[PDB]
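Participant: Below you will find the structure I want to go over with you.
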Amino acid sequence: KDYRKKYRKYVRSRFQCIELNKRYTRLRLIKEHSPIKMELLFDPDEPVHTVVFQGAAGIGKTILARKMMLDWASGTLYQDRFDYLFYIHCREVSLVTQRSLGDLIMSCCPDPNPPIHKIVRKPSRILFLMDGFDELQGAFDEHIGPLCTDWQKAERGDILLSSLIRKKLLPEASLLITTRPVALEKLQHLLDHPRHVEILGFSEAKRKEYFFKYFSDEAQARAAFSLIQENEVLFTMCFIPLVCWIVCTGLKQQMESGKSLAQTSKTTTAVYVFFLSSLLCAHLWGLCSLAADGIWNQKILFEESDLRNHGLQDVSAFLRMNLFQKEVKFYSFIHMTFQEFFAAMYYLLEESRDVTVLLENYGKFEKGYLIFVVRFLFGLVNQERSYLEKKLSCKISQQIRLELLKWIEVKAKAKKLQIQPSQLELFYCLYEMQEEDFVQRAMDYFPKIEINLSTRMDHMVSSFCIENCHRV
Ligand SMILES: CC(C)c1cc(Cl)cc(C(C)C)c1NC(=O)NS(=O)(=O)c1cc(C(C)(C)O)co1
Ligand SMILES: Nc1ncnc2c1ncn2[C@@H]1O[C@H](COP(=O)(O)OP(=O)(O)O)[C@@H](O)[C@H]1O
């Protein structure tokens, strides 16, 4: 408790903001994945040592992990349960760099010489918050071994995290892993009696709460939330807190002008393009090269030399303003969905690489699933679909549009080489491309239709596709 006080003081300062935390709006969380309360996550139904939080990209995994850190450090959360909470941001943990569990803990500390032998003294009093398992750069398979049992042994990041997840390293330490549903396949086979919880995002009421927290003027917030209520697609899409942030930020620029507020967006691509147009040109190519470079070479954090290579001298005021975020020399995109957006846009620009190579590594953990790169370029390729359309190549959009139909034809009726794309994921892809002549031709490749509906967003996307396969 001599060091515990010093440590909690650091946690109260580091997790003070989202990157204040007075914008935090309660998230819907469901056990047996039944709404759970955070204090009761580790309380048994024998003791609960591992808790997995599944959650779609932009649902708030990282925000809830930081709110957990801040609340614990304030003395509200797990007051009597944990002496130490270590936040492990997976985006930064090298799977190849040899490190010990000791160095991993020492990196979560303010001072250069922490009492690691004192911290490790009571392992049941430690809770490790592994944030964003899906964000681990490179491959991560079950075959990784031999498993480590020495917290001071330097092993590569994959053996280190595999041993910590399988509860071989500090077996009675508590673990909280947050992941995108896609990556759950890799993780499921390491997990020892996990308690699964599903992050469901905002309710219709807490969607309204977000809008009123964001627009500090009630009169602005009410008029900004009215646009979301009038639009079924935006209302539905807004259970995702990132979508709420994106919509709100765009409606702020539009708010400055005397032009009546209106967002006619019907697809995720159109939402992202509405956001990109609010913050608007010459630096739009360099952003795409940097994003698609990171997608293929597993780079989520971009050093000053990477931006130098991609001609971002420019990123000082323009890109850092709302498209980039400085961290800890080290800059990353506002979100990985935004990285996957520029990665897809890169393919559709008049001067782009081969689209067929991307589809070869779709659903592969190593490449990064590529869910939003594919899903975005289905909507971007859309001939019906901005100021950005002039920059997009009218010609190469048709070349990709034909390759996408050949791919959807293969995935629709083939022995699964990977779990992804699931039939629902293909429906999300098809929802982005709204062209009925494309969507009808694509729906003919489906032998059986699989309803696996979880959210009212899944109902929206799937009902759209099902309607497009009547076949007279
Ligand atoms: C709620 C999901 C479907 C969502 C909807 C929108 Cl409109 C926008 C986004 C991003 C662009 C902000 C996301 N988020 C993810 O799609 N996340 S995910 O992890 O890829 C994923 C894949 C899946 C299924 C489909 C079941 O396979 C679930 O979660
Ligand atoms: N509970 C929340 N309250 C307010 N904003 C939130 C909340 N959860 C997420 N957000 C918004 O979502 C954005 C990114 O969310 P994040 O936690 O990184 O999701 P994930 O890590 O699952 O991809 C934040 O910039 C923020 O504006």
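A note on labels: chains of the structure tokens are A, B, ... as shown, every chain counts residues from 1, and ligands are counted from 1 in their shown order.
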Using only C-alpha atoms and all ligand atoms, which residues have at least one atom no more than 6 Å from ligand 1? Output them as a ChimeraX atom specification.
Facilitator: /A:56-58,180-182,237,268,337,371,424-425
Participant: Check which residues fall inside 10 Å of ligand 2 when counting only C-alpha atoms and all ligand atoms, and print them as a count of residues only.
Facilitator: 55
Participant: Using only C-alpha atoms, pick whichever of A:205, A:136, A:247, A:96 has the shortest atom-to-atom distance to residue A:299.
Facilitator: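 Result for the nearest residue to residue A:299: A:136.
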Participant: List every residue of stretch 14-54 of chain A that has an atom at most 9 Å from any atom of stretch 78-95 of chain A, and for each one report the closest atom pair and its distance in Å to one decimal, counting only C-alpha atoms, with rows sorted by chain and then by increasing residue number, as JSON lines.
Facilitator:
{"residue": "A:38", "atom": "CA", "partner": "A:78", "partner_atom": "CA", "distance": 8.8}
{"residue": "A:39", "atom": "CA", "partner": "A:78", "partner_atom": "CA", "distance": 6.1}
{"residue": "A:40", "atom": "CA", "partner": "A:78", "partner_atom": "CA", "distance": 8.8}
{"residue": "A:42", "atom": "CA", "partner": "A:81", "partner_atom": "CA", "distance": 8.8}
Participant: Produce a file of the selected residues containing C-alpha atoms, as a PDB file, in the first residue's frame.
Facilitator:
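Output saved as part_28.pdb:
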ATOM      1  CA  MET A  38     -19.281  -4.277 -13.448  1.00  0.00           C
ATOM      2  CA  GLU A  39     -18.643  -4.815  -9.685  1.00  0.00           C
ATOM      3  CA  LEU A  40     -20.129  -8.329 -10.018  1.00  0.00           C
ATOM      4  CA  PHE A  42     -15.625 -11.546 -10.866  1.00  0.00           C
TER       5      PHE A  42
END
Participant: To one decimal place in Å, what is the distance between atom CA of residue A:400 and atom CA of residue A:381?
Facilitator: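 A separation of 7.2 Å between them.
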Participant: If you count only C-alpha atoms, which residues fall within 10 Å of stretch 345-350 of chain A, apart from same-chain ones fewer than 5 positions away, as number ranges by chain?
Facilitator: A: 284-293, 339-340, 355, 373, 376-377, 380-381, 388-400
Participant: Do a neighbour search on stretch 49-52 of chain A at 8 Å with only C-alpha atoms, toss out local chain neighbours closer than 2 positions, and write the hits as a ChimeraX atom specification.
Facilitator: /A:41-42,47,54,172-179,191-197
Participant: Go through A:431, A:3, A:378, A:10 and flag the residue nearest residue A:233, using only C-alpha atoms for the distances.
Facilitator: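 Of the candidates, the smallest distance to residue A:233 is held by A:431.
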Participant: Write down as a PyMOL selection string the residues of stretch 269-427 of chain A whose backbone DSSP state falls under helix (DSSP H, G or I).
Facilitator: chain A and resi 269-278+284-296+304-309+315-322+336-347+355-360+371-380+387-389+394-412+423-427
Participant: Compile the contact shell of residue A:229 as a list in words: residues with an atom at most 12 Å away, counting only C-alpha atoms, same-chain residues fewer than 2 positions apart removed.
Facilitator: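 The residues satisfying every condition are residues 204, 205, 207, 208, 211, 222, 223, 224, 225, 226, 227, 231, 232, 233, 234, 235, 236, 237, 238, 262 and 263 of chain A.
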Participant: Please, could you write that set of residues out with N, CA, C and O atoms as a PDB file, in the first residue's frame?
Facilitator:
ATOM      1  N   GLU A 204     -31.656   2.920 -26.945  1.00  0.00           N
ATOM      2  CA  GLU A 204     -32.256   4.104 -27.597  1.00  0.00           C
ATOM      3  C   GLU A 204     -32.208   5.317 -26.672  1.00  0.00           C
ATOM      4  O   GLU A 204     -32.057   6.438 -27.146  1.00  0.00           O
ATOM      5  N   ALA A 205     -32.323   5.079 -25.351  1.00  0.00           N
ATOM      6  CA  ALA A 205     -32.270   6.115 -24.339  1.00  0.00           C
ATOM      7  C   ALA A 205     -30.839   6.624 -24.133  1.00  0.00           C
ATOM      8  O   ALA A 205     -30.645   7.833 -24.117  1.00  0.00           O
ATOM      9  N   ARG A 207     -28.464   6.449 -26.312  1.00  0.00           N
ATOM     10  CA  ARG A 207     -28.091   6.993 -27.608  1.00  0.00           C
ATOM     11  C   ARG A 207     -28.406   8.509 -27.501  1.00  0.00           C
ATOM     12  O   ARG A 207     -27.572   9.334 -27.850  1.00  0.00           O
ATOM     13  N   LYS A 208     -29.602   8.866 -26.962  1.00  0.00           N
ATOM     14  CA  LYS A 208     -30.051  10.233 -26.725  1.00  0.00           C
ATOM     15  C   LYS A 208     -29.179  10.908 -25.682  1.00  0.00           C
ATOM     16  O   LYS A 208     -28.890  12.090 -25.793  1.00  0.00           O
ATOM     17  N   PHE A 211     -25.906  12.117 -27.345  1.00  0.00           N
ATOM     18  CA  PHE A 211     -26.167  13.347 -28.090  1.00  0.00           C
ATOM     19  C   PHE A 211     -26.289  14.595 -27.183  1.00  0.00           C
ATOM     20  O   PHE A 211     -25.861  15.679 -27.578  1.00  0.00           O
ATOM     21  N   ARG A 222     -30.908  18.454 -29.188  1.00  0.00           N
ATOM     22  CA  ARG A 222     -32.250  18.001 -29.484  1.00  0.00           C
ATOM     23  C   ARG A 222     -32.470  17.971 -30.991  1.00  0.00           C
ATOM     24  O   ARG A 222     -33.013  16.995 -31.516  1.00  0.00           O
ATOM     25  N   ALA A 223     -32.009  19.022 -31.689  1.00  0.00           N
ATOM     26  CA  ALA A 223     -32.107  19.122 -33.143  1.00  0.00           C
ATOM     27  C   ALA A 223     -31.164  18.129 -33.845  1.00  0.00           C
ATOM     28  O   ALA A 223     -31.461  17.672 -34.944  1.00  0.00           O
ATOM     29  N   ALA A 224     -30.029  17.808 -33.219  1.00  0.00           N
ATOM     30  CA  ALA A 224     -29.077  16.851 -33.757  1.00  0.00           C
ATOM     31  C   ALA A 224     -29.593  15.435 -33.554  1.00  0.00           C
ATOM     32  O   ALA A 224     -29.378  14.583 -34.416  1.00  0.00           O
ATOM     33  N   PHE A 225     -30.265  15.167 -32.424  1.00  0.00           N
ATOM     34  CA  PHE A 225     -30.849  13.845 -32.191  1.00  0.00           C
ATOM     35  C   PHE A 225     -32.114  13.664 -33.020  1.00  0.00           C
ATOM     36  O   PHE A 225     -32.409  12.541 -33.402  1.00  0.00           O
ATOM     37  N   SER A 226     -32.827  14.755 -33.360  1.00  0.00           N
ATOM     38  CA  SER A 226     -34.015  14.677 -34.209  1.00  0.00           C
ATOM     39  C   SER A 226     -33.658  14.115 -35.580  1.00  0.00           C
ATOM     40  O   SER A 226     -34.429  13.329 -36.111  1.00  0.00           O
ATOM     41  N   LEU A 227     -32.483  14.468 -36.137  1.00  0.00           N
ATOM     42  CA  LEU A 227     -32.071  13.919 -37.431  1.00  0.00           C
ATOM     43  C   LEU A 227     -31.875  12.436 -37.361  1.00  0.00           C
ATOM     44  O   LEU A 227     -32.116  11.759 -38.348  1.00  0.00           O
ATOM     45  N   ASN A 231     -34.197   9.391 -39.388  1.00  0.00           N
ATOM     46  CA  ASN A 231     -33.500   8.452 -40.244  1.00  0.00           C
ATOM     47  C   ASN A 231     -33.452   7.128 -39.498  1.00  0.00           C
ATOM     48  O   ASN A 231     -32.851   7.069 -38.432  1.00  0.00           O
ATOM     49  N   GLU A 232     -34.106   6.082 -40.024  1.00  0.00           N
ATOM     50  CA  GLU A 232     -34.126   4.747 -39.422  1.00  0.00           C
ATOM     51  C   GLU A 232     -32.733   4.147 -39.442  1.00  0.00           C
ATOM     52  O   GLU A 232     -32.322   3.546 -38.458  1.00  0.00           O
ATOM     53  N   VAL A 233     -32.015   4.305 -40.557  1.00  0.00           N
ATOM     54  CA  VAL A 233     -30.677   3.760 -40.690  1.00  0.00           C
ATOM     55  C   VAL A 233     -29.715   4.367 -39.691  1.00  0.00           C
ATOM     56  O   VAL A 233     -29.004   3.622 -39.023  1.00  0.00           O
ATOM     57  N   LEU A 234     -29.712   5.700 -39.542  1.00  0.00           N
ATOM     58  CA  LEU A 234     -28.816   6.355 -38.582  1.00  0.00           C
ATOM     59  C   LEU A 234     -29.200   6.059 -37.161  1.00  0.00           C
ATOM     60  O   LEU A 234     -28.322   5.803 -36.349  1.00  0.00           O
ATOM     61  N   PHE A 235     -30.510   6.002 -36.872  1.00  0.00           N
ATOM     62  CA  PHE A 235     -31.019   5.650 -35.558  1.00  0.00           C
ATOM     63  C   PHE A 235     -30.534   4.249 -35.158  1.00  0.00           C
ATOM     64  O   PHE A 235     -29.990   4.081 -34.059  1.00  0.00           O
ATOM     65  N   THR A 236     -30.683   3.263 -36.079  1.00  0.00           N
ATOM     66  CA  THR A 236     -30.271   1.875 -35.885  1.00  0.00           C
ATOM     67  C   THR A 236     -28.745   1.776 -35.709  1.00  0.00           C
ATOM     68  O   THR A 236     -28.263   1.209 -34.726  1.00  0.00           O
ATOM     69  N   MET A 237     -27.998   2.352 -36.660  1.00  0.00           N
ATOM     70  CA  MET A 237     -26.545   2.365 -36.700  1.00  0.00           C
ATOM     71  C   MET A 237     -25.934   3.018 -35.443  1.00  0.00           C
ATOM     72  O   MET A 237     -24.786   2.735 -35.095  1.00  0.00           O
ATOM     73  N   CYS A 238     -26.714   3.849 -34.728  1.00  0.00           N
ATOM     74  CA  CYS A 238     -26.217   4.570 -33.575  1.00  0.00           C
ATOM     75  C   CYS A 238     -26.209   3.809 -32.276  1.00  0.00           C
ATOM     76  O   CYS A 238     -25.892   4.429 -31.264  1.00  0.00           O
ATOM     77  N   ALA A 262     -29.121  18.105 -42.000  1.00  0.00           N
ATOM     78  CA  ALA A 262     -29.624  16.950 -42.735  1.00  0.00           C
ATOM     79  C   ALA A 262     -28.511  15.977 -43.053  1.00  0.00           C
ATOM     80  O   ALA A 262     -27.471  16.359 -43.598  1.00  0.00           O
ATOM     81  N   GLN A 263     -28.740  14.711 -42.741  1.00  0.00           N
ATOM     82  CA  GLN A 263     -27.819  13.661 -43.115  1.00  0.00           C
ATOM     83  C   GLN A 263     -28.657  12.573 -43.726  1.00  0.00           C
ATOM     84  O   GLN A 263     -29.442  11.934 -43.028  1.00  0.00           O
TER      85      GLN A 263
END
Participant: What does the distance from atom CA of residue A:147 to atom CA of residue A:362 come to in Å, to one decimal?
Facilitator: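 Atom CA of residue A:147 sits 29.1 Å away from atom CA of residue A:362.
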Participant: Excluding residue A:275 and residues on its chain fewer than 4 positions from it, collect all residues at most 7 Å away from it, counting only C-alpha atoms, and give them as an mmCIF file with C-alpha atoms, in the first residue's frame.
Facilitator:
data_model
loop_
_atom_site.group_PDB
_atom_site.id
_atom_site.type_symbol
_atom_site.label_atom_id
_atom_site.label_comp_id
_atom_site.auth_asym_id
_atom_site.auth_seq_id
_atom_site.Cartn_x
_atom_site.Cartn_y
_atom_site.Cartn_z
ATOM 1 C CA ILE A 246 -18.870 10.206 -36.063
ATOM 2 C CA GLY A 250 -20.095 15.800 -38.712
ATOM 3 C CA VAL A 271 -21.489 7.776 -42.911
ATOM 4 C CA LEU A 279 -13.223 17.940 -42.685
#
Participant: Per DSSP on the backbone, what are the strand (DSSP E or B) residues of stretch 74-277 of chain A, as JSON, numbers by chain?
Facilitator: {"A": [84, 85, 86, 87, 88, 89, 98, 99, 126, 127, 128, 129, 130, 131, 155, 156, 174, 175, 176, 177, 178, 179, 195, 196, 197, 198, 199, 200, 201]}
Participant: Write a file of the just-selected residues containing N, CA and C atoms, as a PDB file, in the first residue's frame.
Facilitator:
ATOM      1  N   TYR A  84      -3.926  -4.287  -7.692  1.00  0.00           N
ATOM      2  CA  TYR A  84      -3.359  -3.729  -8.902  1.00  0.00           C
ATOM      3  C   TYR A  84      -4.177  -4.067 -10.123  1.00  0.00           C
ATOM      4  N   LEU A  85      -4.358  -3.083 -10.991  1.00  0.00           N
ATOM      5  CA  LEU A  85      -5.020  -3.295 -12.262  1.00  0.00           C
ATOM      6  C   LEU A  85      -4.024  -2.861 -13.310  1.00  0.00           C
ATOM      7  N   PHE A  86      -3.597  -3.780 -14.199  1.00  0.00           N
ATOM      8  CA  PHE A  86      -2.635  -3.402 -15.234  1.00  0.00           C
ATOM      9  C   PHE A  86      -3.325  -3.373 -16.568  1.00  0.00           C
ATOM     10  N   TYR A  87      -3.299  -2.233 -17.264  1.00  0.00           N
ATOM     11  CA  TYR A  87      -3.945  -2.129 -18.562  1.00  0.00           C
ATOM     12  C   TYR A  87      -2.929  -2.446 -19.659  1.00  0.00           C
ATOM     13  N   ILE A  88      -3.174  -3.549 -20.361  1.00  0.00           N
ATOM     14  CA  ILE A  88      -2.323  -4.010 -21.445  1.00  0.00           C
ATOM     15  C   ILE A  88      -2.997  -3.673 -22.775  1.00  0.00           C
ATOM     16  N   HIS A  89      -2.449  -2.684 -23.494  1.00  0.00           N
ATOM     17  CA  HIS A  89      -3.007  -2.293 -24.775  1.00  0.00           C
ATOM     18  C   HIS A  89      -2.333  -3.097 -25.866  1.00  0.00           C
ATOM     19  N   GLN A  98      10.868 -10.594 -27.436  1.00  0.00           N
ATOM     20  CA  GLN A  98      11.064 -11.402 -26.240  1.00  0.00           C
ATOM     21  C   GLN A  98      11.028 -10.480 -25.042  1.00  0.00           C
ATOM     22  N   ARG A  99      10.127 -10.761 -24.096  1.00  0.00           N
ATOM     23  CA  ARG A  99       9.886  -9.985 -22.882  1.00  0.00           C
ATOM     24  C   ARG A  99       9.371 -10.909 -21.794  1.00  0.00           C
ATOM     25  N   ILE A 126      -4.185  -9.255  -8.446  1.00  0.00           N
ATOM     26  CA  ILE A 126      -3.850  -8.567  -9.694  1.00  0.00           C
ATOM     27  C   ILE A 126      -4.908  -8.851 -10.724  1.00  0.00           C
ATOM     28  N   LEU A 127      -5.322  -7.827 -11.475  1.00  0.00           N
ATOM     29  CA  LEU A 127      -6.250  -7.996 -12.580  1.00  0.00           C
ATOM     30  C   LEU A 127      -5.555  -7.378 -13.789  1.00  0.00           C
ATOM     31  N   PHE A 128      -5.379  -8.193 -14.834  1.00  0.00           N
ATOM     32  CA  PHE A 128      -4.764  -7.772 -16.082  1.00  0.00           C
ATOM     33  C   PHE A 128      -5.894  -7.433 -17.052  1.00  0.00           C
ATOM     34  N   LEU A 129      -5.924  -6.199 -17.596  1.00  0.00           N
ATOM     35  CA  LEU A 129      -6.911  -5.768 -18.593  1.00  0.00           C
ATOM     36  C   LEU A 129      -6.263  -5.792 -19.946  1.00  0.00           C
ATOM     37  N   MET A 130      -6.398  -6.919 -20.638  1.00  0.00           N
ATOM     38  CA  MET A 130      -5.881  -7.099 -21.980  1.00  0.00           C
ATOM     39  C   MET A 130      -6.899  -6.510 -22.921  1.00  0.00           C
ATOM     40  N   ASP A 131      -6.582  -5.353 -23.480  1.00  0.00           N
ATOM     41  CA  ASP A 131      -7.497  -4.642 -24.348  1.00  0.00           C
ATOM     42  C   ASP A 131      -7.211  -4.791 -25.834  1.00  0.00           C
ATOM     43  N   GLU A 155      10.180 -14.516 -22.708  1.00  0.00           N
ATOM     44  CA  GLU A 155       9.684 -15.323 -23.813  1.00  0.00           C
ATOM     45  C   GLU A 155       9.109 -14.363 -24.828  1.00  0.00           C
ATOM     46  N   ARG A 156       8.934 -14.804 -26.084  1.00  0.00           N
ATOM     47  CA  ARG A 156       8.327 -13.951 -27.108  1.00  0.00           C
ATOM     48  C   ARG A 156       6.891 -13.602 -26.729  1.00  0.00           C
ATOM     49  N   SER A 174      -6.446 -12.415 -12.069  1.00  0.00           N
ATOM     50  CA  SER A 174      -7.659 -12.228 -12.860  1.00  0.00           C
ATOM     51  C   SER A 174      -7.349 -11.606 -14.207  1.00  0.00           C
ATOM     52  N   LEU A 175      -8.077 -12.035 -15.226  1.00  0.00           N
ATOM     53  CA  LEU A 175      -7.876 -11.591 -16.596  1.00  0.00           C
ATOM     54  C   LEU A 175      -9.152 -11.057 -17.206  1.00  0.00           C
ATOM     55  N   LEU A 176      -9.063  -9.931 -17.917  1.00  0.00           N
ATOM     56  CA  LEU A 176     -10.196  -9.306 -18.609  1.00  0.00           C
ATOM     57  C   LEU A 176      -9.729  -9.084 -20.043  1.00  0.00           C
ATOM     58  N   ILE A 177     -10.195  -9.901 -20.975  1.00  0.00           N
ATOM     59  CA  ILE A 177      -9.792  -9.760 -22.378  1.00  0.00           C
ATOM     60  C   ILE A 177     -10.955  -9.172 -23.145  1.00  0.00           C
ATOM     61  N   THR A 178     -10.729  -8.119 -23.933  1.00  0.00           N
ATOM     62  CA  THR A 178     -11.784  -7.557 -24.765  1.00  0.00           C
ATOM     63  C   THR A 178     -11.407  -7.886 -26.188  1.00  0.00           C
ATOM     64  N   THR A 179     -12.379  -8.288 -27.020  1.00  0.00           N
ATOM     65  CA  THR A 179     -12.094  -8.633 -28.407  1.00  0.00           C
ATOM     66  C   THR A 179     -13.269  -8.366 -29.348  1.00  0.00           C
ATOM     67  N   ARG A 195     -15.809 -16.365 -18.353  1.00  0.00           N
ATOM     68  CA  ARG A 195     -17.139 -15.817 -18.187  1.00  0.00           C
ATOM     69  C   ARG A 195     -17.280 -14.893 -19.381  1.00  0.00           C
ATOM     70  N   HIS A 196     -18.210 -15.193 -20.309  1.00  0.00           N
ATOM     71  CA  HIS A 196     -18.366 -14.338 -21.478  1.00  0.00           C
ATOM     72  C   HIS A 196     -19.397 -13.297 -21.251  1.00  0.00           C
ATOM     73  N   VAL A 197     -19.106 -12.094 -21.718  1.00  0.00           N
ATOM     74  CA  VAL A 197     -19.982 -10.933 -21.651  1.00  0.00           C
ATOM     75  C   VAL A 197     -19.962 -10.250 -23.034  1.00  0.00           C
ATOM     76  N   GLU A 198     -21.118  -9.777 -23.492  1.00  0.00           N
ATOM     77  CA  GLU A 198     -21.219  -9.153 -24.798  1.00  0.00           C
ATOM     78  C   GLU A 198     -21.512  -7.664 -24.678  1.00  0.00           C
ATOM     79  N   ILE A 199     -20.641  -6.821 -25.243  1.00  0.00           N
ATOM     80  CA  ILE A 199     -20.853  -5.381 -25.215  1.00  0.00           C
ATOM     81  C   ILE A 199     -21.846  -5.072 -26.316  1.00  0.00           C
ATOM     82  N   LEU A 200     -23.011  -4.580 -25.931  1.00  0.00           N
ATOM     83  CA  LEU A 200     -24.077  -4.291 -26.870  1.00  0.00           C
ATOM     84  C   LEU A 200     -24.220  -2.825 -27.276  1.00  0.00           C
ATOM     85  N   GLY A 201     -23.418  -1.941 -26.700  1.00  0.00           N
ATOM     86  CA  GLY A 201     -23.482  -0.528 -27.040  1.00  0.00           C
ATOM     87  C   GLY A 201     -24.668   0.196 -26.434  1.00  0.00           C
TER      88      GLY A 201
END
Participant: Tell me which of A:385, A:283, A:125, A:118 sits closest to residue A:342, counting only C-alpha atoms.
Facilitator: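 Residue with the minimum atom-to-atom distance to residue A:342: A:283.
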Participant: Using only C-alpha atoms, which protein or nucleic acid residues come within 10 Å of residue A:6? Drop anything in the same chain fewer than 5 positions from it, and give the result as a list in words.
Facilitator: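 Within the cut-off, the hits are residues 1, 11, 109, 110 and 111 of chain A.
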Participant: Store the residues picked out above in a file with N, CA and C atoms, as an mmCIF file, in the first residue's frame.
Facilitator:
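Written output follows (again-v9.cif):
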data_model
loop_
_atom_site.group_PDB
_atom_site.id
_atom_site.type_symbol
_atom_site.label_atom_id
_atom_site.label_comp_id
_atom_site.auth_asym_id
_atom_site.auth_seq_id
_atom_site.Cartn_x
_atom_site.Cartn_y
_atom_site.Cartn_z
ATOM 1 N N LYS A 1 0.807 -1.233 0.000
ATOM 2 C CA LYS A 1 0.000 0.000 0.000
ATOM 3 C C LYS A 1 0.844 1.290 0.000
ATOM 4 N N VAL A 11 -2.800 5.930 -12.260
ATOM 5 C CA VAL A 11 -3.966 5.437 -12.996
ATOM 6 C C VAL A 11 -5.082 6.487 -13.022
ATOM 7 N N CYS A 109 3.876 1.016 -15.427
ATOM 8 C CA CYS A 109 4.194 1.808 -14.261
ATOM 9 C C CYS A 109 4.831 3.135 -14.600
ATOM 10 N N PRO A 110 4.529 4.169 -13.791
ATOM 11 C CA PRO A 110 5.162 5.484 -14.000
ATOM 12 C C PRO A 110 6.688 5.534 -13.776
ATOM 13 N N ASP A 111 7.185 4.922 -12.694
ATOM 14 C CA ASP A 111 8.599 4.964 -12.345
ATOM 15 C C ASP A 111 9.449 3.910 -13.082
#
Participant: In Å, with one decimal, what is the gap from atom CA of residue A:467 to atom CA of residue A:230?
Facilitator: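 Separation of atom CA of residue A:467 and atom CA of residue A:230: 22.8 Å.
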